[PDB]
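Enquirer: Okay, so here is my_file.tsv, and as you'll see once you scroll down, it has TSV, C-alpha atoms.
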chain	number	residue	atom	x	y	z
K	1	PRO	CA	9.64	-10.15	26.77
K	2	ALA	CA	6.28	-9.54	25.12
K	3	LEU	CA	4.56	-12.03	22.86
K	4	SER	CA	6.12	-11.84	19.40
K	5	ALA	CA	6.57	-14.14	16.44
K	6	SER	CA	7.66	-14.19	12.82
K	7	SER	CA	4.41	-15.30	11.17
K	8	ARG	CA	0.71	-15.60	11.80
K	9	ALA	CA	1.18	-19.37	11.56
K	10	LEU	CA	3.22	-19.68	14.74
K	11	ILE	CA	0.81	-17.38	16.60
K	12	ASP	CA	-2.18	-19.48	15.58
K	13	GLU	CA	-0.23	-22.57	16.62
K	14	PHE	CA	0.60	-21.02	19.99
K	15	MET	CA	-3.10	-20.70	20.78
K	16	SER	CA	-3.63	-24.24	19.49
K	17	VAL	CA	-1.51	-26.17	22.00
K	18	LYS	CA	0.21	-24.10	24.67
K	19	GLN	CA	2.27	-26.94	26.13
K	20	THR	CA	3.39	-28.41	22.80
K	21	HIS	CA	3.97	-25.32	20.66
K	22	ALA	CA	7.24	-25.21	18.76
K	23	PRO	CA	9.22	-22.18	19.97
K	24	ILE	CA	11.62	-22.40	17.03
K	25	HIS	CA	10.46	-23.39	13.57
K	26	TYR	CA	12.82	-23.73	10.58
K	27	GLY	CA	13.67	-20.08	10.12
K	28	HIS	CA	10.88	-18.42	12.04
K	29	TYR	CA	10.76	-17.98	15.79
K	30	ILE	CA	8.16	-17.25	18.45
K	31	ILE	CA	8.55	-15.90	21.98
K	32	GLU	CA	6.00	-16.69	24.65
K	33	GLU	CA	5.43	-13.70	26.92
K	34	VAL	CA	6.52	-13.80	30.54
K	35	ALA	CA	5.36	-10.78	32.50
K	36	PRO	CA	4.22	-9.74	35.97
K	37	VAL	CA	0.71	-9.46	34.55
K	38	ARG	CA	-0.41	-12.73	32.98
K	39	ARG	CA	-2.54	-11.18	30.27
K	40	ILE	CA	-5.18	-13.40	28.68
K	41	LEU	CA	-5.50	-13.77	24.90
K	42	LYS	CA	-8.62	-14.44	22.83
K	43	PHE	CA	-8.26	-15.55	19.21
K	44	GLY	CA	-11.83	-16.50	18.47
K	45	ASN	CA	-12.65	-19.11	21.08
K	46	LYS	CA	-9.25	-20.64	21.82
K	47	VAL	CA	-7.77	-18.87	24.85
K	48	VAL	CA	-4.52	-19.13	26.81
K	49	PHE	CA	-3.52	-17.58	30.11
V	1	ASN	CA	-5.92	-9.19	21.43
V	2	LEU	CA	-5.49	-7.51	18.04
V	3	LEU	CA	-2.83	-9.20	15.90
V	4	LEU	CA	-0.68	-6.19	15.04
V	5	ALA	CA	2.33	-6.21	12.72
V	6	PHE	CA	5.78	-4.65	12.95
V	7	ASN	CA	7.48	-4.42	9.57
V	8	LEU	CA	10.28	-2.07	8.55
V	9	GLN	CA	7.85	0.76	7.73
V	10	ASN	CA	7.27	1.44	11.41
V	11	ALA	CA	11.03	1.24	11.91
V	12	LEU	CA	11.53	3.89	9.22
V	13	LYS	CA	10.77	6.72	11.66
V	14	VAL	CA	13.87	5.82	13.70
V	15	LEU	CA	16.18	4.16	11.15
V	16	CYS	CA	16.14	7.27	8.93
V	17	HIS	CA	16.93	9.97	11.35
V	18	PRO	CA	20.41	11.39	10.63
V	19	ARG	CA	21.36	11.12	14.32
V	20	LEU	CA	21.52	7.39	13.66
V	21	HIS	CA	23.65	8.14	10.59
V	22	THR	CA	26.18	10.54	12.01
V	23	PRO	CA	29.49	9.31	13.48
V	24	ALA	CA	30.32	12.64	15.15
V	25	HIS	CA	28.95	11.67	18.56
V	26	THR	CA	30.64	8.28	18.74
V	27	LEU	CA	33.92	9.74	17.47
V	28	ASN	CA	33.59	12.55	19.98
V	29	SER	CA	33.15	9.89	22.64
V	30	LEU	CA	36.01	7.65	21.52
V	31	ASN	CA	38.51	10.49	21.17
V	32	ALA	CA	37.55	11.68	24.65
V	33	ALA	CA	38.32	8.29	26.18
V	34	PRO	CA	40.75	8.08	29.12
V	35	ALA	CA	42.29	4.77	27.99
V	36	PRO	CA	42.34	4.22	24.22
V	37	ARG	CA	43.42	1.12	22.31
V	38	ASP	CA	46.73	-0.48	23.24
V	39	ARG	CA	47.82	-1.47	19.73
V	40	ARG	CA	47.31	0.40	16.48
V	41	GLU	CA	47.40	-0.39	12.77
V	42	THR	CA	49.35	0.86	9.78
V	43	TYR	CA	48.53	-1.18	6.68
V	44	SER	CA	45.98	0.25	4.22
V	45	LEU	CA	44.96	3.23	6.32
V	46	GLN	CA	44.74	5.76	3.49
V	47	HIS	CA	45.73	5.99	-0.16
V	48	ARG	CA	49.35	6.95	-0.76
V	49	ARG	CA	50.17	9.07	-3.79
V	50	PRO	CA	52.33	7.46	-6.48
E	1	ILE	CA	-19.88	-4.38	1.18
E	2	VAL	CA	-17.25	-4.78	-1.51
E	3	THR	CA	-13.62	-5.19	-0.42
E	4	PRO	CA	-10.22	-5.94	-1.91
E	5	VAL	CA	-9.05	-9.53	-1.68
E	6	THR	CA	-5.95	-8.41	0.24
E	7	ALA	CA	-7.80	-7.53	3.44
E	8	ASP	CA	-6.31	-9.94	5.95
E	9	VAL	CA	-8.42	-12.63	7.57
E	10	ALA	CA	-6.87	-11.79	10.95
E	11	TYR	CA	-8.83	-8.54	10.77
E	12	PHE	CA	-12.11	-10.43	10.69
E	13	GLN	CA	-11.68	-12.80	13.63
E	14	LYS	CA	-11.91	-9.77	15.91
E	15	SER	CA	-15.07	-7.76	16.46
E	16	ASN	CA	-14.12	-4.90	14.19
E	17	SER	CA	-16.17	-2.50	12.10
E	18	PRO	CA	-17.34	-3.72	8.67
E	19	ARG	CA	-15.67	-0.79	6.94
E	20	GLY	CA	-11.98	-0.12	7.35
E	21	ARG	CA	-11.43	2.45	10.05
E	22	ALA	CA	-12.83	1.69	13.50
E	23	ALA	CA	-15.00	4.72	14.23
E	24	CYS	CA	-14.01	5.82	17.72
E	25	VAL	CA	-17.28	7.06	19.18
E	26	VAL	CA	-15.78	9.34	21.84
E	27	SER	CA	-12.05	8.45	21.56
E	28	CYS	CA	-11.87	10.88	18.68
E	29	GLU	CA	-13.23	13.86	20.63
E	30	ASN	CA	-16.33	14.96	22.54
E	31	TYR	CA	-18.26	17.59	20.52
E	32	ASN	CA	-15.94	18.39	17.65
E	33	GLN	CA	-16.34	18.29	13.89
E	34	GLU	CA	-12.80	17.75	12.55
E	35	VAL	CA	-11.48	15.01	14.87
E	36	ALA	CA	-14.47	12.66	14.62
E	37	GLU	CA	-14.58	13.33	10.88
E	38	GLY	CA	-10.79	13.14	11.05
E	39	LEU	CA	-10.67	9.76	12.75
E	40	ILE	CA	-13.54	8.42	10.60
E	41	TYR	CA	-12.88	9.67	7.06
E	42	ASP	CA	-9.45	11.31	6.70
E	43	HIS	CA	-6.93	8.54	6.07
E	44	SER	CA	-3.92	10.70	6.83
E	45	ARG	CA	-3.76	8.97	10.20
E	46	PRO	CA	-4.11	5.24	10.88
E	47	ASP	CA	-7.08	4.09	12.91
E	48	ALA	CA	-6.91	3.56	16.66
E	49	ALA	CA	-6.82	-0.24	16.50
E	50	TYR	CA	-4.19	-0.98	13.84
E	51	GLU	CA	-1.54	1.72	13.77
E	52	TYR	CA	0.40	0.08	10.94
E	53	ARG	CA	-2.19	0.85	8.26
E	54	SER	CA	-4.89	3.43	7.70
E	55	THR	CA	-7.69	1.17	6.48
E	56	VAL	CA	-8.37	-2.45	5.66
E	57	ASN	CA	-10.38	-1.49	2.59
E	58	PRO	CA	-10.30	1.71	0.53
E	59	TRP	CA	-13.64	0.95	-1.14
E	60	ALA	CA	-15.66	1.56	2.01
E	61	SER	CA	-13.67	3.52	4.58
E	62	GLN	CA	-13.25	6.63	2.43
E	63	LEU	CA	-15.75	9.47	2.35
E	64	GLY	CA	-16.64	9.10	-1.31
E	65	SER	CA	-16.15	5.36	-1.34
E	66	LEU	CA	-18.56	2.72	-2.63
E	67	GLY	CA	-19.67	1.76	0.88
E	68	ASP	CA	-20.74	5.36	1.44
E	69	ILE	CA	-22.31	5.74	-2.01
E	70	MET	CA	-24.58	2.72	-2.04
E	71	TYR	CA	-25.47	2.77	1.66
E	72	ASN	CA	-25.08	6.11	3.40
E	73	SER	CA	-27.86	8.46	2.61
E	74	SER	CA	-29.89	9.98	5.43
E	75	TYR	CA	-32.26	7.41	6.92
E	76	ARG	CA	-35.92	8.40	6.64
E	77	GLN	CA	-38.92	6.57	8.05
E	78	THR	CA	-41.03	7.64	5.05
E	79	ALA	CA	-38.77	6.25	2.32
E	80	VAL	CA	-40.74	4.75	-0.56
E	81	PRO	CA	-38.76	1.45	-0.54
E	82	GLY	CA	-38.63	1.48	3.26
E	83	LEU	CA	-36.54	-1.69	3.49
E	84	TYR	CA	-33.98	-2.17	6.24
E	85	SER	CA	-30.33	-2.52	5.34
E	86	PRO	CA	-28.44	-3.80	8.40
E	87	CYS	CA	-25.17	-2.14	7.48
E	88	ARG	CA	-26.61	1.39	7.49
E	89	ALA	CA	-25.82	1.77	11.20
E	90	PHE	CA	-22.09	1.76	10.40
E	91	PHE	CA	-22.20	4.33	7.60
E	92	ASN	CA	-24.59	7.13	8.61
E	93	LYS	CA	-22.57	10.32	9.04
E	94	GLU	CA	-25.24	11.76	11.34
E	95	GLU	CA	-25.30	8.56	13.39
E	96	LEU	CA	-21.50	8.28	13.43
E	97	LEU	CA	-21.45	11.64	15.24
E	98	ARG	CA	-24.72	11.14	17.12
E	99	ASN	CA	-22.52	9.70	19.89
Is it possible to give me this structure as structure tokens?

Expert:
Amino acid sequence: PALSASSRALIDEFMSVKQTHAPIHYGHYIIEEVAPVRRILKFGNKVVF
Amino acid sequence: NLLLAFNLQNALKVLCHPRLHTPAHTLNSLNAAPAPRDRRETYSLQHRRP
Amino acid sequence: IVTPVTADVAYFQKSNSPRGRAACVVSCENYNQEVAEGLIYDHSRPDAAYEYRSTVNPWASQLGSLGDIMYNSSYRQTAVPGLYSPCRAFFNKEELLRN
């Protein structure tokens, strides 16, 4: 599964706190990506692995 | 790391091809099935003429 | 450069071009005149970055747009004003195909 969401809000929360991000909000939903390649993301200066 | 979007407009190039809208392939598959349904149904199949 | 208010802010956190369409310097074509001009001006295709829309503003990414009118003339050293506009490096049609 690739990294997907239902809003920009959950994406910009996923970069905020990786260990405490809410995978399921009220109606929206976000999927953290598991993959053989652990691709790195840059949204300004906050980064996750 | 570009935040792309996937709305229905990108889906429109697949959800509007008539191959997705024809039942001829799935009915050709189901009629050519070696073991069809065990039970059938009779009520409200078609419209009967008064 | 003047823009609509509906250009998303998620466009601007990346290092994108100040006009709409990201001018692919060689990823259009090497030595052609209708693919570079195609992938710079003609909005019939979306740009290489964001395939879900053609431009992020139609007041600068078009050929006859405001961002081409008030900025892109041919740069001359002997211009009588002679001031430097920093956004002229993104709009010069000669410089956009100088690479």

Enquirer: Contacts from chain K to chain V, 10 Å maximum, all atoms listed in the file: show me the residue list as a ChimeraX atom specification.

Expert: /K:4-8,11,39-44

Enquirer: By how many Å are atom CA of residue E:74 and atom CA of residue E:91 apart?

Expert: 9.8 Å

Enquirer: Using only C-alpha atoms, I'd like every residue of chain E that has an atom within 10 Å of chain K; please write them out as an NGL selection string.

Expert: :E and (10 or 12-15)

Enquirer: Residues near residue E:48, anyone? I mean within 8 Å using all atoms listed in the file, not counting same-chain ones fewer than 2 positions away, as a ChimeraX atom specification.

Expert: /E:22,24,46,50-51

Enquirer: One decimal, in Å: what's the spacing between atom CA of residue V:16 and atom CA of residue E:53?

Expert: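 Atom-to-atom, atom CA of residue V:16 and atom CA of residue E:53 are spaced 19.4 Å apart.
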